[PDB]
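Novice: Got a structure for you, written out below as structure tokens; questions coming shortly.
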Amino acid sequence: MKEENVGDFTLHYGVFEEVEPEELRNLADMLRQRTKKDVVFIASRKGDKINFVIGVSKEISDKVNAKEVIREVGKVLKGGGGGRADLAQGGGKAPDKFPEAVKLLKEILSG
């Protein structure tokens, strides 16, 4: 996975093959504990399905609401999502659309 600063945030993102959803969630959780400005968008492709997670540093939960953002990237990935402002997760039907979801998230983070 990659790291890129976007606006006042640090975005960590990547899509993995064959990672279990609960493992993916735990990884995202760990990665957003790093700093106070982390946004983590990671996904796991299992064949023609994709599971994805958004985790943010707790300090920026109001700024980047994972509840809202998960649904926005979820739409691109032909899926849904839900959770809390600091950590949310979903499943979708369009694994090949991850790059497009990442582009959207960067646009969201920049405003």
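Read-outs: derived from the displayed coordinates by stated rules, not from any lab. In this analysis, Cβ positions are derived from the backbone assuming ideal geometry, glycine residues included, and neighbour counts consider all displayed protein chains.
Novice: Quickly work out the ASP96-to-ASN26 label distance, labels modelled 7 Å from Cα along the C-beta direction, and quote it in nm with one decimal.
Specialist: That separation, rounded to one decimal, is 3.3 nm.
Novice: Using unit Cβ charges (K, R positive; D, E negative) and no other charged atoms, how large, in debye to the nearest 20, is the dipole of the chain about its Cα centre? Provide the component values of the computation, followed by the final result.
Specialist: Numbers: 20 positive and 19 negative charges, 49 e Å.
In total the dipole reaches around 240 debye.
Novice: Right, here's the next one. Could you go through segment 13-21 in sequence order and give the Karplus-derived ³J(HN,Hα) for each residue, using 6.51 cos²θ - 1.76 cosθ + 1.60 with θ = phi - 60°, rounded to whole Hz, and x for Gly and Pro?
Specialist: With the stated coefficients, segment 13-21 comes to 8, x, 10, 10, 9, 6, 7, 5, x Hz.
Novice: Could you tell me the largest-minus-smallest coordinate of the C-alpha atoms of the chain on each of the three principal axes, in descending order and whole angstroms?
Specialist: Taking the Cα atoms of the chain, the three principal extents are 34, 26, 24 Å.
Novice: I want the antiparallel fraction of DSSP beta bridges within the chain, as a percent rounded to 5.
Specialist: 75
Novice: What trypsin sites (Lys or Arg not before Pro) in segment 1-48 are in a loop by DSSP, with at most 13 other Cβ atoms within 10 Å of the Cβ? Walk me through the numbers on the way to the answer.
Specialist: Details: sites: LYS2, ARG25, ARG32, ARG34, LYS36, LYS37, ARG45, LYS46; in loops: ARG32, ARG34, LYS36, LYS37.
Here the sparse-neighbourhood loop sites are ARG34, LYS36.
Novice: A follow-up question, please. Find which of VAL19, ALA43, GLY92 sits farthest along the positive direction of the dipole of the chain, computed with +1 on the beta-carbon of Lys and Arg, -1 on that of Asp and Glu, about the Cα centre.
Specialist: So the residue furthest toward the plus end is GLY92.
Novice: Add -39500 (n - 2.57) for each DSSP H run of 4 or more in the chain, then divide by its residues: what number comes out at 222 nm, to the nearest 500 deg cm²/dmol?
Specialist: Value at 222 nm, helices only: -9500 deg cm²/dmol.
Novice: Right, another one. Among the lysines, which fall within straight-line cross-link reach of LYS103, defined as a Cα-Cα distance under 22 Å, with same-chain neighbours fewer than 8 residues apart omitted?
Specialist: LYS2, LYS37, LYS46, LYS49, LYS63, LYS67, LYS75, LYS78, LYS93
Novice: Now for a separate question. Using 0.36 nm per residue of separation minus the Cα-Cα distance, give me the extension gain between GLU17 and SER61 in nm, one decimal. Working shown, then result.
Specialist: Numbers: separation 44, 0.36 × 44 = 15.84 nm, distance 2.82 nm.
That pair, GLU17 and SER61, stretches by 13.0 nm at full extension.
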